[PDB]
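Every chain is named by a letter (A, B, C, D, E and F) in the order it is written, and numbering of its residues begins at 1.
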Amino acid sequence: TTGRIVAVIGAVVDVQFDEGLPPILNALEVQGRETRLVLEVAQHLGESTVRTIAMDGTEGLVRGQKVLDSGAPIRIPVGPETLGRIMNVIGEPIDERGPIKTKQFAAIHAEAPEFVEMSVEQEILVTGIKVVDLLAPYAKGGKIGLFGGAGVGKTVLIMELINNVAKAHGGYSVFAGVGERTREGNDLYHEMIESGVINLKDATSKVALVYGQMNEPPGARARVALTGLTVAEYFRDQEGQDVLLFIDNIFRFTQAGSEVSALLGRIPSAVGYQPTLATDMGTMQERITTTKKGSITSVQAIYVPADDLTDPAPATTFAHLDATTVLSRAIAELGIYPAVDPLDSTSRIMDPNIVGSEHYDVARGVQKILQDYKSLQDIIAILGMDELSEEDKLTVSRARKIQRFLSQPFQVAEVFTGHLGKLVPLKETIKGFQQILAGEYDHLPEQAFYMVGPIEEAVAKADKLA
Amino acid sequence: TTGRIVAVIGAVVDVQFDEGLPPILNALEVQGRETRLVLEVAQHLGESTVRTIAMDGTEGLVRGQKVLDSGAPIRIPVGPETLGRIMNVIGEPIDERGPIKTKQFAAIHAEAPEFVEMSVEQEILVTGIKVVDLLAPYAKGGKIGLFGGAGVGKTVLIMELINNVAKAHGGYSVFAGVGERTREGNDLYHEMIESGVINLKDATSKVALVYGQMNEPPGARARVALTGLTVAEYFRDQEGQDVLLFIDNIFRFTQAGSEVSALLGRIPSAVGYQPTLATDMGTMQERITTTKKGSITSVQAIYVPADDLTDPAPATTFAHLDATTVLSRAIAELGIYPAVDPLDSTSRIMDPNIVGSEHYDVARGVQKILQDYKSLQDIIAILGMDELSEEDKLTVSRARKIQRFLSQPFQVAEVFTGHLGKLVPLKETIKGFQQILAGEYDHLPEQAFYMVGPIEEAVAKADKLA
Amino acid sequence: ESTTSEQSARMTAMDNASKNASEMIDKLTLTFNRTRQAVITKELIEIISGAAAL
Amino acid sequence: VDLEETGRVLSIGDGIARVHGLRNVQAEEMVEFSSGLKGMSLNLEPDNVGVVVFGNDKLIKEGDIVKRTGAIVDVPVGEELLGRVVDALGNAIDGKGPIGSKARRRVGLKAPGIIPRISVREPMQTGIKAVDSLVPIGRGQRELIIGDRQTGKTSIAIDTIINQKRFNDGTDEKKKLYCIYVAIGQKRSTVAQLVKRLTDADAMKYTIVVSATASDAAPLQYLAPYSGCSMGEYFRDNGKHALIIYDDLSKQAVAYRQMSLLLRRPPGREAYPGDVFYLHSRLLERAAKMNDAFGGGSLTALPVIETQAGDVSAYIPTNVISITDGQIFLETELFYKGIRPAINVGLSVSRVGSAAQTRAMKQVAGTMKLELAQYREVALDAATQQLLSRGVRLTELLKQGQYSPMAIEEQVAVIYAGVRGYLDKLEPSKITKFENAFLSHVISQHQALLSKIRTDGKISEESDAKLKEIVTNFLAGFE
Amino acid sequence: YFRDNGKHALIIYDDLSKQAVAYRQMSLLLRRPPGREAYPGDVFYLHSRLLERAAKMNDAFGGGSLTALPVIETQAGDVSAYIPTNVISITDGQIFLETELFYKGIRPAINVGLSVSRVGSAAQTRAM
Amino acid sequence: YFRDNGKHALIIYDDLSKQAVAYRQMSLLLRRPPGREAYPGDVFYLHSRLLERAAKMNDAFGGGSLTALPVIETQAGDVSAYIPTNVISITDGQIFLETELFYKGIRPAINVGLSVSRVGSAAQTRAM
């Protein structure tokens, strides 16, 4: 029926109920507030008290303050009316464009598609990005993860993917801001209005926006992912459609969970994280999937705290991905953009039977020459180039030209590169590296391979170096 | 009022009072003991019970034993009568020369001088030591990091600073032995007696001594620095002096804080230090400063655990240092006394906006030439000296002369050497080094600048040699 | 001509190798002390968590 | 008697007071102790209130009476704080009497959402050649200043504050920038010396200084950024522009870790609590650029972070990088060698400031960025010899002293000489000398050309020919 | 069931790194105090009791067998770490794969010196 | 007893590493708070008060003496670990032994570069 707040600590609120006890996952509505304050039931503590997590600030709450059970979990608008609109964790519009008037509402908690619902089909999604398409290619309807420490290029890479992949997509898209910059949301939104994927007059908008950024309390950041994901689920199933789902940044979900976990009275796990890190991520990630009923192509930016890939949060995310793009601060600092670690990024479709033996061979070849170069670097750092056999000097020179030809000017990063953004077709990516490996440009200088599109541009750049 | 002991766990004692509770930081006198046992209130536990930290051993204490609330923090004898005397943390004499007959007492906990009470100006506190004043000068009311250890003339440098500050600034000194090794405290005591800065016969004593010895409980060792500082605060506040405060050694202050914190059940921070590491350091260091009335300038010997400058302890300390005096075993072996490393020692106020453009450029010129001299020392052992250019022969000459002119006989070391001590004014220090760079004494032999005061004595020594 | 060119180049190569080594030392020292601090802190947190859960 | 508006202290010890009663307090409501100390209702539990004490908890005892204030933690706000030094709570500490403050504002206010904003587009001029050219800042931007101890971090902030006098003395209200310096964990003398410096520069009149220094209790150091931010938001929302400096967030996070550990929150990486990112994220999100419909105002933040031995990979540094819109990294090596400001150009970015750089600066700087990029890649053929020759010279041009921030047009005049090759024949040790002689010459004799560059905001075909004239005429006249 | 009815079975546990994490979660939520790396004290025992059930039966008991291939995931190649050495210290040897070998073209990426079979030639045909 | 009666005594504590372990056992089980390496906050004090009892008495007190040679076991050369740090800083100097000197044939395995007596010459005869 009606409950009373008995305890408040940050995002965690205990509520006592006299008659009916709301089940775990139910959305409670705090009475006597100017803006809607939802608490989600996390635990039954005993003695007719439940422990909850607030979806907004808890300043101003008093013990004894009344709370009503809504009778269900947080429910949000889904369907066409979400398109072009921006909503928050609890499905309220946040774009000042009035109510989002939908027929259907869907709960932000749901079970993951069963085993029999899985799709086993594999098809390359070509991005026009050289290092990705060659070494760790994306798959249509696949799970894609972009790993990177602070400032290394996650958001740039996701925006270039929206440019290169979303632009020419005949379905719907969903962008979920999770614990990132509010001004980035403002950037994305106005950019989409300028391009017309979002239309403020028509019903031709192709992208739905969900935001719970780093200005939100943990409860909100811990749940916006589920909200954004729910919007995507509708489109996948109730339209049987091809859906794009961009999330920046999914790490913020796990960090958010971490902030409230102590307040929920859990004994902490490794590095102070919640003991439930892997299952919380499992129940959330396993919903982000293509099913027999429909395809979700997902791209998730994944922050890596203190540049540590063994940190529980990123470490646990790897197994949820069909393709990983790992960005590296050391690679970035060398000026190589996108700062992809070509030996730490993998794809489940990098298989001769899927991509063909030529694509596969050139990739394995590039990777071998890069690994051989890497093994020689201790010797190089102390003694230098001059102590290498002629065979080693050749691996070094070819590898260094290959490293440079993996770099690419992004349309989205033109201000920073000082070059025009480029998109290289797959066949031309394969050919360029096929040729560098064959020794065909051992006569050309390193710098010629840096920040260009196709191999022809490298040649023409070498000529221009007079 | 009077309370009873309810718990004793090593150096932590719990006292229950029937009426009013002693506030935190109050001193408590345990009753029924051979010697004084002071307990400092650390927490109010509730239920009329306080948690205290013992200033000496708790062996023999009974639950129920009476405890008298003193009404204030630890109050110690302050004034000119403490000079030449050795006291402990709680103000007791430990030099066996009877009571310390002061009219005033002062509480060892006091807050830092308020923002309005601060000097807006930075002044040099001239030591009359050439290396110090020229290259890494001391700031009135600042903190200096003394790196050294044994055998590098550290006790002599201290004793001379005490002497030179009394002679030039009319300021008294306080030495606080935080974790003083008993053996070395005795030796230090007699070395001061032997050098004159302590006088048992008359009343010329320039230093007051405060020992918190190694075998004392954490609390005692954590507080002695305050005790010492309080003694010093008398001379600033009541007698308007530019005072000197030695802390030997600051790391042991930090470690005692770490121990006390561990004993009070507080969860340790990074590297196992107390969570209050910075505030423990902040509430003590901020008392060392220039007020409108006077100043305390602190010399603090620094131990760098594991030779890690990024260790929380030295890191925290460095935030407070305005200069460093680095004593070098390499320098001492060259016969240069004081054994100050002229390139390793730094100062925040070595800034023309503070010390003047002429002081600055001469120091830089000295630094530059000693830097340049080292670059040529590899070429010295290879090409020999007679292969250098007429410019480079002259830099070697001048730098070698500068090295020796940085040495200085100390008054405090007259007994050991027979040589008369020197206190060089700042303007004669600048002038002297100014002229060696100009090439006004190139014709002079190199050994004439060694163990000399002002540049006039470099001339009088050069004339004296055959 | 050859050994005059050789002893210069070996003097230079050895100069550069000594300078590179010196940087690699300072860098590995910083790594060592970051790892030193983490090991200590990690070990303490394991202890604290065990005690607190009693 | 009353246990609804009043409570009594049960225990006090770890900077947290446990209080019986206060049955009616709100979460995060300011409460008052009999001793005058203020506190914040943190923990509301069935049998007690946990209160964070904003001051020295030696002054609180078991039994002490505690009263509600009814007010969610807030601070005094408005234009009366200008020229004042206050503590974390807004209490004056400069001894110049009470603040004539009329308005007040919560410290915990959520940042503007998506709609009220627009991309940054107004220059926030530092007056620092290297920053204004290579790392331009926009109004509403967040730019981290980051580096080891004693690398010149605070100096970047101070020269920026001082710089604003040129705009703040004029009549153009859009070009004005009010300043807030928040001192966290610093030495009190350092802060006293700082307001002295701003006073001498007559910069204090448009500056609020918030101060929670090394001896101020951890909760005061924790609070202080939010307090100054609130004071900043006053301007942001009322069609005005403010700049805030958090000096520094490293010392704030330490203070917060102290509180969290004493609260027995589970320590994580470097013994920091899980919410140490959120600590800084919520704060820095509040620096924003408002669109015209929300007044057009803005708050610009320069958070300072101190690294250990240049490790930008550490937990707190990466936290803040992952919040702000770029960073200015100051290197110990560069500072040692006397390259000052010690800015590492390669590791420095302004993600959003490019759009807020005056066209006049873009015309000279875009090719300097390029020529400096070509230079580090070759740190004896005629092609790559010109790259080293140009690079060392531009390096000298970006060297700058303290407390002499330059007008934007002065900076472009100086940088013009470099990027068009007028220095290539001069020896590097003589570039600094050239700049100061060349600068006071164009200021004295050619006021019209500089005045035109400022007004146009551009270097026109007319100005380019006039600038070529003067530089060539001066170069042959320089000895 | 196969092992005890004169048949032979092979079981893959893919992977026991994740099962240890699941057990850690469960143990911590049961309020059992954490041990090394927040794992329960008995995390060796978790896997030791499982893998010991892989066994070869004598003819009296039917002659059946269960063979186990547990999988462990290291972090940054550290086979010497705690959990890995726990499991290595249970099994009859280990096949250690490395990315360095993998990229160099050694595929399968087996590190020979670090891999072992504790059964050796007893498990090979005479010809091999 | 010897020190206080005009006589001279030598005492070897072999070793103080093990003593600390024993006291740690007690503090932990008495549920006193653990710090670094699970040692309690009074372990420095424990050792400091033992070692300060070595002394050279003046003639008024009989002129007797107690000289202490505490032994500490390091782990893999880590003189910066907790107990070594304590006893190193308490004492008047250290004789450092090393494994690699030992097997090089340098026996006694004393590192002469690192070992130090801060008393020094004061304790040598003129001949030496």
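Following the convention adopted for this analysis, a contact is a pair of C-beta atoms (placed from the backbone, for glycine too) under 8 Å apart; a residue touches a chain by one contact, two chains touch by 3 or more.
S.K.: Using the touch definition from the top, how many steps at minimum link subunit B to subunit D?
M.R.: 1
S.K.: Looking at chain pairs A-E and B-F, which one is connected by more C-beta pairs in contact?
M.R.: So, comparing the two chain pairs, more contacts are at B-F.
S.K.: Suppose chain centres are the mean of their C-alpha atoms. Which chain sits farthest from subunit F?
M.R.: In terms of C-alpha centroids, the chain at the greatest distance from subunit F is A.
S.K.: Centroid of subunit C to centroid of subunit F, CA atoms only: how many Å?
M.R.: From the centre of subunit C to the centre of subunit F is 31 Å.
S.K.: Roughly how far is subunit A from subunit C, going centre to centre by Cα mean, in whole Å?
M.R.: Those two chain centres are 35 Å apart.
S.K.: On subunit D, where are the residues touching two or more other chains?
M.R.: 264, 266-268, 270-271, 309, in rising order.
S.K.: Can you list every residue of subunit A that touches 2 or more other chains, as numbers and ranges?
M.R.: Counting only residues that touch two or more other chains, subunit A contributes 267-268, 272.
S.K.: Which positions in subunit C are in touch with at least two other chains?
M.R.: Each of 30, 34, 36-37, 40-41, 44-45, 48-49, 52-53 in subunit C touches at least two other chains.
S.K.: Going by the contact rule set out above, which residues of subunit A touch subunit E in the complex?
M.R.: So the residues of subunit A touching subunit E come out as 266-270, 275-279, 309-310, 315, 319, 343, 364, 367-368, 370-372, 375.
S.K.: Spell out the part of subunit E that touches subunit C in their complex, as residue ranges.
M.R.: That would be residues 31-38 of subunit E.
S.K.: What residues of subunit B sit close enough to touch subunit D in their complex?
M.R.: Residue positions touching the partner: 21, 23-25, 42-46, 48, 51, 109, 111-116, 118-122, 141, 266-270, 275-279, 281-283, 285-287, 289-290, 309-310, 315, 318-320, 348, 353.
S.K.: What residues on subunit F touch subunit B, complex-wise?
M.R.: Listed in rising order, the residues of subunit F that touch subunit B are 30, 32-33, 35-36, 40-42, 44-45, 48-49, 51-52, 55-56, 80, 85, 89-90, 92, 116, 118, 120.
S.K.: What part of subunit D is in contact with subunit B in the complex they form?
M.R.: 9-14, 18, 56-63, 85, 93-95, 149-150, 185, 187-189, 191-193, 195-196, 211, 213-218, 251, 254-255, 257-258, 261-262, 264, 267, 270-271, 308-309, 402
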